[PDB]
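>>> Generate a structure from the sequence data that follows.
(one chain, ligands or ions: 9)
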Amino acid sequence: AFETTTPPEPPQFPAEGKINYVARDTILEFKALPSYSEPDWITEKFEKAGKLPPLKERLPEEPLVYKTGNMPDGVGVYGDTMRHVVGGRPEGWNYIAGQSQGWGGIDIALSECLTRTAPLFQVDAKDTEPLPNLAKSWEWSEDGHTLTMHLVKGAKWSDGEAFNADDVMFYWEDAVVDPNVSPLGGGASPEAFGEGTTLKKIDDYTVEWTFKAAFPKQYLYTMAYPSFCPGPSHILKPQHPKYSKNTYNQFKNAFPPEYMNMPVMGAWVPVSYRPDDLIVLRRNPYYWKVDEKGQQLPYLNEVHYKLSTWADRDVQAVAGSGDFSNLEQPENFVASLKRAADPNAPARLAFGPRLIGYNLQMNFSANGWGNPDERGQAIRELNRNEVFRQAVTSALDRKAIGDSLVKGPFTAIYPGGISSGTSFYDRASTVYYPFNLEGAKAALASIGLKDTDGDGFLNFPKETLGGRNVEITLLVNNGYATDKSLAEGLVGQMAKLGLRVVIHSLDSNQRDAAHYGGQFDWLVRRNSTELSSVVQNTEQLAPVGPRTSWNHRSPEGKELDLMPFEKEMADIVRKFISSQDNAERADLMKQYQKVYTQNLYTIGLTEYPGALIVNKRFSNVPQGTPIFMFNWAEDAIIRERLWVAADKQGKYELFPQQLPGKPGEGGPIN
Ligand SMILES: OC[C@H]1O[C@H](O[C@@H]2[C@@H](O)[C@H](O)[C@@H](O)[C@H](O)[C@@H]2O)[C@H](O)[C@@H](O)[C@H]1O
Ligand SMILES: [Ca+2]
Ligand SMILES: [Cl-]
Ligand SMILES: [Cl-]
Ligand SMILES: [Cl-]
Ligand SMILES: [Cl-]
Ligand SMILES: [Cl-]
Ligand SMILES: [Cl-]
Ligand SMILES: [Cl-]
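Numbering: from 1, shown residues only. Ligands and ions are numbered 1, 2, ... in the order given. For reference, the structure is listed below:
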């Protein structure tokens, strides 16, 4: 019906900062060092005062040692604070039960995972193994169905309680496997680690995975952020409904933001909170990572999370009151670039590849995900019709969408699928539906949609909903100008097509509950890592499991009503996950891209590059760090390895020479 092509080449972006590519094992290693050191005030005011055990005792036998060769500026010195500004608000501290801490790096900093992938932007190979993190090493069996995972041994939580396999097993069994619990990020279902995957304890520092497929090495990426980040079981397990009289809601809400010094495996601990103002994190004295000189990390003693807006993060970073920003809203690009143009600017700004994409996602579940009424179900059936999706995508003037956010070389024509900024992208495999409004109007008439009341808007046939006008709800995040602008644009464009679209503008936490719960027709969404990197959370590319897809989930317990193209997509993703051949993998992502964009798994809105804004006083910030690839730049820059020269240090500490207090007390100890 439509004359498809490939998307036109965008204006050549000279992608600012260049990456110094290194091999995978240049960053870190696990080993015992002859001696260890820490800030002098800890030894003098805490150890010598009998307030804290000596350093060698608080550390594991073989801590994670950062190698100096990879450090952009070398070994650091202690002091200073990294100041962050966020548009999110904390729900509480129960990350594994799906509670958000406010985003913008806070949960990234608090929740350490089995593996780590965000610093992999600097490693050149599409067959790279994720970095060891809480899992120090792992071995595959000869058949490739068994994965033996060795954990960091002798490490402790920020409260001094031992970290071991029991924390890993409580997360797997009582957060992932438990159907009533949904960990933060919305992708921690058991099938995300493969359908039929089991995990068992061997001993206190050894776990064993059993997979149906042979060598599905891609699941090591799923073991990174956000899907495998264990919580303190000694604190969380007594609150869990299986071991208490608590409901699942009571367990999820057992640790509100006012609960202080929540145990973490991260570099800093939350010590202070003031509603709609600030969150203060203080150095974790039990942190299990050190530099080559034996200095216990982090170098920075404090971290601030100012509770403001996402736009204000860009404002404060160029002004110098904030130290970091991911410039990701095109409406803020010109104002930020003008301010960064000054040689006296306190921060540096660098654009990366086009890895920020937006998609229109349609709910594909006709089996009752989100318990829809007669109207909702009729929309599910329209969404599932290929001709309907072809009309919606063809009715979008993508050049006008791009220009509505920012004029210039930033935006690129984005039909949907894999981001043009990743190596796995193939332009020739991307199906582009050019702007054809008349063809789109004709396509809808061809499936029995016509204006029966004379208002120009199309009606359902007499048999469906009494022949009333078609009305579609559109779920949006109200925290961003970009999301709102795209939602408003979609309403106006669909009105030209004869479709009435109604905005459902919700805050981040309400938006997540409506999305993951299936209570939506359509939704405007910024892409996650699977479309910007392919290799990070590959299971989210298709409905490989009942809850792995963002737009096609099944309610527990009903089976997935997959359309043939979705099953073809699920087979390609499964093949790629278990593929050991680089040429085969590249080819599978070409097939995937073709199936996705021809059948319109989602509908692309726009794609553009983001910019990393970092305060100039910070040392060890890697050159060319993207804002978003394997994860957000807050993770990619390795914040525990950042330092400031003594003569350049700011005096921003709110709890100087203080350490975190006890969980549920009492603020910092002093
Ligand atoms: O976590 C680090 C990021 O936090 C923010 O994104 C959040 C926010 O959009 C939530 O509402 C979503 O639920 C979540 O998925 C998403 O990552 C920043 O915009 C981004 O630049 C980066 O700092
Ligand atoms: Ca009508
Ligand atoms: Cl080295
Ligand atoms: Cl909120
Ligand atoms: Cl708010
Ligand atoms: Cl319950
Ligand atoms: Cl607090
Ligand atoms: Cl708040
Ligand atoms: Cl970037």
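>>> The nearest residue in space to residue 402 that is not next to it in sequence: what's it in contact with?
Distance criterion C-beta to C-beta, 6 or more residues apart in numbering; nearest residue to residue 402, sequence neighbours excluded, is residue 411 at 3.3 Å. C-beta here means a position set from N, CA and C on the backbone, and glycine is covered the same way. Counting by C-beta atoms under 8 Å, 6 or more residues apart in numbering, residue 411 makes contact with 10, 330, 401, 402, 403, 405, 606, 607, 608.
>>> switch to 6 Å and redo it
Contacts here follow C-beta atoms under 6 Å, 6 or more residues apart in numbering; on that basis residue 411 touches 402, 606, 608.
>>> what's around the residue of the chain found nearest ligand 9, how many residues?
Residue nearest to ligand 9 within the chain: residue 352 (2.5 Å; C-beta to the ion). For residue 352, the count of nearby residues is 24 (other C-beta atoms under 10 Å).
>>> what's the closest non-adjacent residue to it?
In space, residue 352 comes closest to residue 626 once its chain neighbours are excluded; the distance is 3.9 Å by C-beta to C-beta, 6+ apart.
>>> Report the secondary structure state of the one you found.
The three-state label for residue 626, taken from DSSP: H, G, I helix; E, B strand; the rest coil, comes out as coil.
>>> wait, doesn't it sit right on residue 350?
No - contact status for residue 626 versus residue 350: not in contact, 9.3 Å apart, counting by C-beta atoms under 6 Å.
>>> the more surrounded of these two?
A direct count of neighbours by other C-beta under 10 Å for residue 626 and residue 350 places residue 626 higher, at 29 against 21.
>>> what about stretch 458-474, start to end distance?
For stretch 458-474, the first-to-last residue distance is 18 Å (C-alpha to C-alpha, to the nearest Å).
>>> which residue packs closest to the closest residue to ligand 2 within the stretch 1-150 of the chain, ignoring adjacent ones?
Proximity to ligand 2, evaluated over the stretch 1-150 of the chain using C-beta to the ion, is greatest for residue 1 at 22.8 Å. Once its chain neighbours are removed from consideration, residue 1 has its nearest residue in residue 443; the separation is 5.8 Å (C-beta to C-beta, 6+ apart).
>>> right, and that neighbour touches residue 388 too?
No - when contacts are counted by C-beta under 6 Å, residue 443 is not listed as touching residue 388 (7.7 Å).
>>> The residue in the stretch 551-670 of the chain that ligand 8 sits nearest to and residue 281: what is the separation?
At 17.1 Å from ligand 8, residue 654 is the closest residue in the stretch 551-670 of the chain, using C-beta to the ion. Residue 654 sits at a distance of 10 Å from residue 281 (criterion: C-beta to C-beta, to the nearest Å).
>>> do residue 625 as well
Distance check for residue 625 against residue 281: by C-beta to C-beta, it reads 21 Å.
>>> what's the answer for residue 338, then?
Here the criterion is C-beta to C-beta. By it, residue 338 lies 32 Å from residue 281.
>>> Equivalent analysis for residue 19, please.
When C-beta to C-beta is the yardstick, residue 19 and residue 281 sit 29 Å from each other.
>>> Who has more neighbours out of the two?
residue 281 (28 against 16).
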